[PDB]
Amino acid sequence: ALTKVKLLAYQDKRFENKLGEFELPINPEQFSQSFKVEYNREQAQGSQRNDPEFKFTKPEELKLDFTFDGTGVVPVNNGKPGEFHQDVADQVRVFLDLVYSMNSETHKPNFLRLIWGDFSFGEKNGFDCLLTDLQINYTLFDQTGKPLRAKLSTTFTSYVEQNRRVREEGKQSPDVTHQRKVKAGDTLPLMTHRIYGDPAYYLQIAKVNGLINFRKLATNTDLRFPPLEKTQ
Amino acid sequence: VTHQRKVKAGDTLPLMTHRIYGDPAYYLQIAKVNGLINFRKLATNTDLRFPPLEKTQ
Amino acid sequence: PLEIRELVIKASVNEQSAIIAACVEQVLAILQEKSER
Amino acid sequence: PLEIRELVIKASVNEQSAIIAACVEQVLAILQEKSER
Amino acid sequence: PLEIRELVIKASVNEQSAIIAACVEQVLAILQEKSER
Amino acid sequence: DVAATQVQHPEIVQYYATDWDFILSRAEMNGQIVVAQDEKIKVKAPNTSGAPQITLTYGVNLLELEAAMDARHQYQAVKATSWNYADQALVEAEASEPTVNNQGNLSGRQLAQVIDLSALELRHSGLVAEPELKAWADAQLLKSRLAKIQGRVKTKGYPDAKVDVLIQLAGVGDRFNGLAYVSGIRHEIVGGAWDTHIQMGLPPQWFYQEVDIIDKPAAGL
Amino acid sequence: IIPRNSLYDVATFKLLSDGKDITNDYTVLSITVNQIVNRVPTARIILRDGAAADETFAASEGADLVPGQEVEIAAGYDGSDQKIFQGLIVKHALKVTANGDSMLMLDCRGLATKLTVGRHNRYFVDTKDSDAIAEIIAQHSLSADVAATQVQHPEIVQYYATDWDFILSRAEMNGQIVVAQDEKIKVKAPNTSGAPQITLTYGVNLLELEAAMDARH
Amino acid sequence: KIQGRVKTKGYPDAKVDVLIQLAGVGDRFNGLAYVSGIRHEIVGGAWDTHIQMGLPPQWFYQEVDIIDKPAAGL
Amino acid sequence: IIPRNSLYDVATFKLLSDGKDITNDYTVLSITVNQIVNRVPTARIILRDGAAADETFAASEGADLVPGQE
């Protein structure tokens, strides 16, 4: 069985209320995806090389090209004998209504999800996006004026909500509580350095856990490491 | 604008209010507009009116 | 400039920042000099 | 700006108009702020 | 400008000199006009 | 076209000054504004009691928008004091709360409690009578309340634009929606394009604080 | 300059409002803070806001960024932050520019701004400048730290002027400076007798530099 | 006598009313300088600081208008 | 405007300091001079200087361009 690319159209920014779906009659030959990171590149005067600082990660980009053909030589994947694709205008109409026009209840275009069977973009099985660019070329016409072939080129950009973005960045810092078990070879200042980046806090940790002698630890003790105070 | 909806099997008032306004908290107002004594048991042929919101709050 | 309150505040995050700074030192120098005898 | 007399007058008819406007709000903000205690 | 002390001083020797001059006549005209009744 | 005042003065003196400056000083001290056009000059109180002319909605009509609040210009009360030699005592008057147009959901009195100054106080050592002190304090409160929110809007060419009227501003949140008072207009026609700018609100400073309307000592000799 | 024992050089900051941390509840674009001698501390905050499809400004309608609230700003490297600014929100503005970008701007000032909003009249008899300054400060529920003067005046008069102006005039006439921060105001002579804190070398540490002499002063 | 301004990368321990040592700028500017002001800027993830050295020579009363107008402006 | 009997149109200048000609001892970038009625004459001079590898300003440390000279 041959699987086809599908575009799902949603109204909710949490992608829960599905409005519709469109299926491509011919799969694309290829597509491309683009990534980028942004750093600070200021340098001191009279210095050899540099160590740039991180600023942010930009949204990903997606490029796709495909074709509609209605001259009667491309079969329809429905199992009936003698069936071929013969209507371009209907497909252009439903496509433009689904991905391009304004929604009368939200006053903007719909949210899109791109899915191709078992394809994986990464840690997910779909691409959540919005349409930014589209071009159509009509290259073959009927004697009454109706088209027989159309070629489309599209550019999509990545979209993800605030609430969900801050949860994907599961920021772990000295802003949370840690717990560690003591094993053979462990010492308190080294554990403190490995959690806080500074051994100097060791005398505080011993007080939080009630340690009388902190230079000889037992090997089944579970130690708690509290967060740091918000402003010093 | 003004909306109108018919009650069918499985409907509850806070969920309809959420589906029209985006916020269930308005349910107590809607019950007053339609004269509902008990709003936790709805009948299945009632047509409810949903008025617009005030222009500036 | 020799002052910190005469520096231009930066409000954008996505990318000509060195022309809005040269066109500010020129005006302040044309305007200060206009006050001496 | 919050005033209509602080807007820049446009004198050309054949075509960077959005840089002569950003470099004018910056100077007026650097200059007004210089007068408060 | 109608004055010689309101002209911008040129400090570079290797090459946009006609935009730092248009953005200076505009500010001085917005600022002078602000003083008439 | 001058609206009448109620305070009668034993004497008024115009001392070595321009007609425009004298008129503006005396107008502001009574809470009035000056509008000049078409060989006509009108002096009257601001028109904040009318009906809106149009509706300007962000997301429908607007091309550009700016708006601002500042809490430091709001006061709770105003008092004015002077010396009366016929009684050998001080005289004091207090301002009344003015009636203005409704915009936003924060009142001037709520903003006046950020700094929390008990009252603003004005003093004069000469013989200023009760009604004059009252008009002075009232003008100060009105000055402060009419400058609560200030803003500017840019839209396409509007032939029927006029100053000293009300408009309705919408689409900008609970804190800025409502009826706004128009203070100024600019028309620009450049190369065939036409657009207009509408300014809302008045500045909080007095006229005499912005211009130099007194000569120098010794006549500058 | 970079703190010792920093394992990563990611710079972080924290914005509290009435004690509540609101850093990750909005989209923050820029922060600027100024601390200058003889002036009131200032801060400016720029956030992204506005949406034409919804026809509202959502963070403007909230209850965290309205005039009159206490704002505290801290910043540091790698999650270890230090307090930088403490003040009040004074101004609240909206802006939509030509190309459609929309933002919300906040203007915060220190607590000493309470001293600059009125005109007062006072007498002082047989006191020093330090006593008058301490009393005027204390009347606004702020802590005062005033170095003592030696000249005793038969009388001092505050005539129809602001508290800030009176204090600055009397301070400058004695060769002292004013530093205001953290609910505290200090008046004292300049500290030119200490030990250096760091070394800044051109060709090692600097990104930009300006310096000037003028013989006429 | 000498006034100046320096821009460097983010410095958490910056303070006013202290001394710093300035070097590498010739015999006529090297030495101990007095800090008058500080600005912190955080824009898009970058952090830098500006340090101002020296005081202005004008009196306070020469820069502001702190006296009312005659006749109280009436 | 161009003086008569000029065989070449190369423009030249000379900068003296306490009587000594120092034109070719430094790198001169620009010179501006103003003479206005009811005002004091003014001049501004811009030279190239500074080197991060040497960590000094060599012409600043000289004795030809210090305040107080003619």
# chains A, B, ... in the order shown; residues from 1 in each chain; ligands from 1
>>> select_by_dssp(residues="region 52-212 of chain G", states="strand (DSSP E)", output="number ranges by chain")
G: 70-77, 80-96, 102-109, 120-127, 143-146, 153-161, 177-181, 184-188, 199-201, 208-212
>>> calpha_fit_and_write(fixed="chain C", moving="chain E", output="short mmCIF file (atom, residue, chain, number, x, y, z; two decimals) with N, CA and C atoms, in the first residue's frame")
data_model
loop_
_atom_site.label_atom_id
_atom_site.label_comp_id
_atom_site.auth_asym_id
_atom_site.auth_seq_id
_atom_site.Cartn_x
_atom_site.Cartn_y
_atom_site.Cartn_z
N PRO E 1 29.87 59.58 23.46
CA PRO E 1 29.68 60.74 24.33
C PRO E 1 30.34 60.57 25.68
N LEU E 2 30.56 61.68 26.39
CA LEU E 2 31.21 61.65 27.69
C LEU E 2 30.24 61.45 28.83
N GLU E 3 28.96 61.23 28.52
CA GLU E 3 27.91 61.11 29.52
C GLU E 3 27.21 59.77 29.34
N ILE E 4 26.56 59.21 30.37
CA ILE E 4 25.82 57.95 30.08
C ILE E 4 24.36 58.22 29.77
N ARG E 5 23.88 59.42 30.09
CA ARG E 5 22.47 59.64 29.77
C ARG E 5 22.25 60.13 28.34
N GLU E 6 23.34 60.32 27.59
CA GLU E 6 23.24 60.76 26.21
C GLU E 6 23.38 59.61 25.24
N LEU E 7 23.26 58.38 25.72
CA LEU E 7 23.38 57.21 24.88
C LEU E 7 22.01 56.78 24.40
N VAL E 8 21.96 56.25 23.19
CA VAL E 8 20.70 55.90 22.56
C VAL E 8 20.24 54.54 23.07
N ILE E 9 18.96 54.43 23.42
CA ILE E 9 18.39 53.20 23.95
C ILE E 9 18.04 52.26 22.81
N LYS E 10 18.33 50.97 23.00
CA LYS E 10 18.17 49.95 21.97
C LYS E 10 16.93 49.12 22.28
N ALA E 11 15.98 49.09 21.35
CA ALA E 11 14.69 48.45 21.59
C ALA E 11 14.41 47.24 20.71
N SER E 12 15.27 46.91 19.76
CA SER E 12 14.98 45.82 18.83
C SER E 12 15.86 44.63 19.14
N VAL E 13 15.46 43.46 18.63
CA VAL E 13 16.14 42.22 18.98
C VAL E 13 16.58 41.48 17.72
N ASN E 14 15.92 41.75 16.60
CA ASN E 14 16.27 41.13 15.31
C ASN E 14 16.98 42.17 14.45
N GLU E 15 18.31 42.15 14.50
CA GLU E 15 19.17 42.99 13.65
C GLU E 15 18.76 44.46 13.63
N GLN E 16 22.20 48.48 11.06
CA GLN E 16 22.32 49.92 10.94
C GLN E 16 22.30 50.60 12.30
N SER E 17 22.76 49.88 13.33
CA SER E 17 22.80 50.48 14.66
C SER E 17 23.94 51.47 14.80
N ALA E 18 24.93 51.43 13.91
CA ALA E 18 26.07 52.33 13.97
C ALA E 18 25.90 53.56 13.10
N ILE E 19 24.70 53.80 12.58
CA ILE E 19 24.39 55.05 11.92
C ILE E 19 23.42 55.90 12.74
N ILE E 20 22.59 55.28 13.59
CA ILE E 20 21.74 56.03 14.51
C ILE E 20 22.55 56.53 15.70
N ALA E 21 23.80 56.10 15.83
CA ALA E 21 24.69 56.60 16.86
C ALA E 21 25.60 57.70 16.37
N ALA E 22 26.03 57.64 15.11
CA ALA E 22 26.84 58.71 14.55
C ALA E 22 26.01 59.95 14.24
N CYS E 23 24.74 59.77 13.92
CA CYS E 23 23.84 60.89 13.65
C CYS E 23 23.27 61.48 14.93
N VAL E 24 23.68 60.97 16.09
CA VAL E 24 23.30 61.55 17.36
C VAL E 24 24.45 62.31 18.01
N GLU E 25 25.69 61.87 17.83
CA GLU E 25 26.81 62.66 18.32
C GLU E 25 26.99 63.93 17.52
N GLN E 26 26.56 63.95 16.25
CA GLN E 26 26.72 65.14 15.43
C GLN E 26 25.74 66.22 15.83
N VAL E 27 24.51 65.84 16.15
CA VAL E 27 23.52 66.83 16.52
C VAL E 27 23.86 67.45 17.87
N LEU E 28 24.29 66.63 18.83
CA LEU E 28 24.60 67.15 20.15
C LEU E 28 25.82 68.06 20.13
N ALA E 29 26.74 67.83 19.21
CA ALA E 29 27.91 68.70 19.09
C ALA E 29 27.58 70.00 18.37
N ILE E 30 26.61 69.96 17.45
CA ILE E 30 26.18 71.18 16.77
C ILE E 30 25.36 72.05 17.69
N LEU E 31 24.74 71.45 18.70
CA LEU E 31 23.80 72.12 19.58
C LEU E 31 24.45 72.64 20.84
N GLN E 32 25.41 71.90 21.39
CA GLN E 32 26.17 72.39 22.54
C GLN E 32 27.02 73.58 22.15
N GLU E 33 27.71 73.48 21.02
CA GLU E 33 28.66 74.52 20.61
C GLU E 33 27.96 75.85 20.38
N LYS E 34 26.66 75.78 20.12
CA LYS E 34 25.80 76.93 19.87
C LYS E 34 25.52 77.77 21.12
N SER E 35 26.12 77.40 22.25
CA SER E 35 25.80 78.09 23.49
C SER E 35 27.00 78.79 24.10
N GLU E 36 28.14 78.77 23.43
CA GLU E 36 29.35 79.40 23.95
C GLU E 36 29.60 80.72 23.25
N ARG E 37 30.19 81.66 23.98
CA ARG E 37 30.46 82.99 23.45
C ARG E 37 31.77 83.00 22.69
#
>>> residues_around(residues="residue 38 (chain H)", least_positions_apart="6", cutoff="12 Å", atoms="only C-alpha atoms", output="PyMOL selection string")
(chain C and resi 3-5+7) or (chain G and resi 32-37+39+41-42+84) or (chain H and resi 5-8+10-18+48-53)
>>> write_last_selection(atoms="C-alpha atoms", output="short mmCIF file (atom, residue, chain, number, x, y, z; two decimals), in the first residue's frame")
data_model
loop_
_atom_site.label_atom_id
_atom_site.label_comp_id
_atom_site.auth_asym_id
_atom_site.auth_seq_id
_atom_site.Cartn_x
_atom_site.Cartn_y
_atom_site.Cartn_z
CA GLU C 3 27.91 61.11 29.52
CA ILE C 4 25.82 57.95 30.08
CA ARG C 5 22.47 59.64 29.77
CA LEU C 7 23.38 57.21 24.88
CA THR G 32 17.95 49.10 30.65
CA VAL G 33 19.04 50.39 34.08
CA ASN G 34 20.80 53.65 35.01
CA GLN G 35 22.50 54.50 38.33
CA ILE G 36 24.04 57.99 38.35
CA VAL G 37 25.34 60.22 41.14
CA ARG G 39 20.17 61.76 40.15
CA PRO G 41 17.72 55.79 39.49
CA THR G 42 15.84 54.82 36.35
CA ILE G 84 20.18 45.76 40.68
CA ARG H 5 33.48 56.80 29.37
CA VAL H 6 34.33 53.10 28.96
CA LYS H 7 32.30 50.23 27.49
CA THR H 8 32.99 46.61 28.45
CA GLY H 10 28.73 42.41 31.56
CA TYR H 11 30.13 43.18 35.01
CA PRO H 12 27.89 42.11 37.93
CA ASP H 13 29.95 43.76 40.69
CA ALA H 14 29.83 47.30 39.31
CA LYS H 15 29.32 50.10 41.84
CA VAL H 16 29.45 53.91 41.90
CA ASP H 17 31.54 56.11 44.18
CA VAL H 18 34.64 53.89 44.06
CA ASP H 48 27.28 44.90 28.54
CA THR H 49 28.07 47.76 30.90
CA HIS H 50 29.17 51.38 30.59
CA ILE H 51 31.30 53.13 33.21
CA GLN H 52 31.44 56.93 33.44
CA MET H 53 34.41 58.65 35.08
#
>>> interface_residues(of="chain H", to="chain I", cutoff="7 Å", atoms="only C-alpha atoms", output="list in words")
residues 24, 25, 26, 27 and 28 of chain H
>>> write_last_selection(atoms="C-alpha atoms", output="PDB file, in the first residue's frame")
ATOM      1  CA  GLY H  24      47.151  51.456  28.503  1.00  0.00           C
ATOM      2  CA  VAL H  25      46.245  54.956  27.302  1.00  0.00           C
ATOM      3  CA  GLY H  26      49.474  56.929  27.628  1.00  0.00           C
ATOM      4  CA  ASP H  27      51.157  58.913  30.378  1.00  0.00           C
ATOM      5  CA  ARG H  28      48.567  61.676  30.309  1.00  0.00           C
TER       6      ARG H  28
END
>>> residues_around(residues="region 42-59 of chain F", least_positions_apart="5", cutoff="8 Å", atoms="only C-alpha atoms", output="ChimeraX atom specification")
/F:1-3,27,31-36,100-101,164-172,179,181 /G:52-53,55
>>> residues_around(residues="residue 56 (chain H)", least_positions_apart="4", cutoff="12 Å", atoms="only C-alpha atoms", output="count of residues only")
18
>>> residues_around(residues="residue 13 (chain A)", least_positions_apart="6", cutoff="12 Å", atoms="only C-alpha atoms", output="JSON, numbers by chain")
{"A": [106, 108, 109, 110, 111, 112, 113, 128, 129, 130, 159, 160, 161, 162, 163, 164]}
>>> interface_residues(of="chain A", to="chain H", cutoff="9 Å", atoms="only C-alpha atoms", output="ChimeraX atom specification")
/A:39-40,44,53-56
>>> interface_residues(of="chain B", to="chain A", cutoff="12 Å", atoms="only C-alpha atoms", output="count of residues only")
5
>>> residues_around(residues="residue 175 (chain A)", least_positions_apart="2", cutoff="10 Å", atoms="only C-alpha atoms", output="ChimeraX atom specification")
/A:171-173,177-178,226-230 /G:79-80
>>> atom_distance(atom1="CA of residue 70 (chain A)", atom2="CA of residue 29 (chain A)")
18.8 Å
>>> interface_residues(of="chain I", to="chain C", cutoff="10 Å", atoms="only C-alpha atoms", output="CSV table (one decimal) with N, CA and C atoms, in the first residue's frame")
chain,number,residue,atom,x,y,z
I,38,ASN,N,31.4,88.8,15.2
I,38,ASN,CA,30.9,88.8,16.6
I,38,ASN,C,31.1,87.5,17.4
I,39,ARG,N,32.1,86.7,16.9
I,39,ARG,CA,32.4,85.5,17.6
I,39,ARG,C,33.9,85.3,17.6
I,40,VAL,N,34.3,84.3,18.4
I,40,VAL,CA,35.7,84.0,18.5
I,40,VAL,C,36.1,82.9,17.5
>>> interface_residues(of="chain G", to="chain C", cutoff="8 Å", atoms="only C-alpha atoms", output="list in words")
residues 29, 30, 32, 46, 210 and 211 of chain G
>>> closest_residue(among="A:18, A:218, A:107, A:149", to="chain F", atoms="only C-alpha atoms")
A:107
>>> decode(residues="region 4-36 of chain D", atoms="C-alpha atoms", output="short mmCIF file (atom, residue, chain, number, x, y, z; two decimals), in the first residue's frame")
data_model
loop_
_atom_site.label_atom_id
_atom_site.label_comp_id
_atom_site.auth_asym_id
_atom_site.auth_seq_id
_atom_site.Cartn_x
_atom_site.Cartn_y
_atom_site.Cartn_z
CA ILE D 4 1.76 66.58 15.80
CA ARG D 5 4.30 69.35 15.60
CA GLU D 6 7.16 66.93 16.25
CA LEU D 7 6.59 65.02 13.01
CA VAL D 8 9.08 65.25 10.16
CA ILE D 9 7.92 67.06 7.01
CA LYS D 10 8.14 65.12 3.74
CA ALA D 11 9.42 67.06 0.72
CA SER D 12 10.28 64.44 -1.92
CA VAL D 13 8.06 62.66 -4.43
CA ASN D 14 10.36 60.03 -6.00
CA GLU D 15 11.08 57.38 -3.35
CA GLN D 16 14.69 55.32 3.59
CA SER D 17 11.84 57.37 5.01
CA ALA D 18 11.63 55.03 8.02
CA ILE D 19 15.18 55.80 9.16
CA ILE D 20 14.84 59.61 9.24
CA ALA D 21 11.89 59.01 11.58
CA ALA D 22 13.58 56.59 13.97
CA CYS D 23 16.62 58.88 14.24
CA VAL D 24 14.30 61.72 15.26
CA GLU D 25 12.39 60.00 18.07
CA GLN D 26 15.73 59.00 19.60
CA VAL D 27 17.13 62.52 19.74
CA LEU D 28 13.96 64.01 21.22
CA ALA D 29 13.90 61.33 23.92
CA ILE D 30 17.56 61.90 24.78
CA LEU D 31 16.92 65.63 24.99
CA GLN D 32 13.64 65.75 26.92
CA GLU D 33 14.88 63.32 29.56
CA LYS D 34 17.83 65.66 30.13
CA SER D 35 15.54 68.18 31.81
CA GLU D 36 14.09 66.19 34.72
#
